[PDB]
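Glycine gets a Cβ as well: all are built from the backbone with ideal geometry, and neighbour counts include every protein chain shown. Derivation of every value follows stated rules applied to the coordinates shown; laboratory data play no part.
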Amino acid sequence: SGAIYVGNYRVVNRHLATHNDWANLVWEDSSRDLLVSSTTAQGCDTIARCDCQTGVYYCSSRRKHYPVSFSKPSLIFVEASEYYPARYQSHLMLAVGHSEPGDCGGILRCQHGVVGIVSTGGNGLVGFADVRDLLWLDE
Ligand SMILES: COc1ccc(C(F)(F)F)cc1CC(=O)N1CCC[C@H](C(N)=O)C1
Ligand SMILES: [Zn+2]
């Protein structure tokens, strides 16, 4: 679990979104595994606006933060689940690192701020859904 709170927005994994998130929907994209809902309180997370390929993520299954190198956002296959069919997920970045299903929502950050959130994992790999292109999160 986990979310990004920026301004009057809450960014979560779409597959983990709640009834309130769907009832206060701003935007969602199944192909990115993202959902943004509105909030009644101001968020202060800084979204990074950069092309960094190094950063630190929070890994709930280890109660620890890990430094990682990660790929540029791209399309990558993801197998079925209670949430999605086998398909390509866009705006996804991979890194070598530990992750388990409940790790989705963990923040990845670089020196510029929030980069994205854990969305996939498996094989000693960790996938992050990028949020740096969502310029409207600030305005
Ligand atoms: C961080 O997640 C994982 C990490 C590890 C594993 C391992 F296979 F090893 F058991 C599995 C996962 C879970 C996973 O990748 N997905 C299930 C939920 C929806 C995700 C999506 N964005 O389509 C895909
Ligand atoms: Zn950066």
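Simple point charges give the picture: +1 on the Cβ of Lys and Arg, -1 on the Cβ of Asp and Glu, and for the chain a dipole about the Cα centre of about 360 debye. Report the local net charge at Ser1: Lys and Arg +1, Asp and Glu -1, summed over other residues whose C-beta lies under 13 Å from its C-beta. Net local charge, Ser1 excluded: -2. Straightening the chain between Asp51 and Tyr5 buys 14.4 nm, computed as 0.36 nm per residue apart minus the Cα-Cα spacing. If the segment from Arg62 to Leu135 were pulled out straight at 0.36 nm per residue, it would be longer than the present Cα-Cα gap by 23.1 nm.
Each peptide in 81-93, 11-23 was scored by the mean count of other Cβ atoms within 10 Å over its residues; highest first, the order is 11-23, 81-93. Rounded to whole numbers, the Karplus 3J(HN,Hα) couplings from phi for segment 117-128 are 9, 4, 9, 9, x, x, 6, x, 10, 10, x, 10 Hz, using 6.51 cos²θ - 1.76 cosθ + 1.60 with θ = phi - 60°, and x at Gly and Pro.
Taking a ≥ b ≥ c as the square roots of the eigenvalues of the Cα gyration tensor, segment 1-53 is oblate, since a/c reaches 1.5 or more and a/b is not larger than b/c.
For the chain, the ratio of Cα radius of gyration to the globular rule of thumb 2.2 N^0.38 Å stands at 0.97. When the charge dipole of the chain is built from unit charges on Cβ atoms (+1 for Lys and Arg, -1 for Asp and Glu) and taken about the Cα centre, the candidate among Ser71, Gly55, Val12 whose Cα reaches farthest toward its positive end is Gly55. Note on segment 61-118: Rg/Rh from C-alpha atoms, Kirkwood Rh, equals 0.96. Couplings 3J(HN,Hα) for segment 90-97, derived from phi with the Karplus relation 6.51 cos²θ - 1.76 cosθ + 1.60 (θ = phi - 60°), are 8, 6, 10, 10, 9, 9, 8, x Hz, where x marks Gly and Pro.
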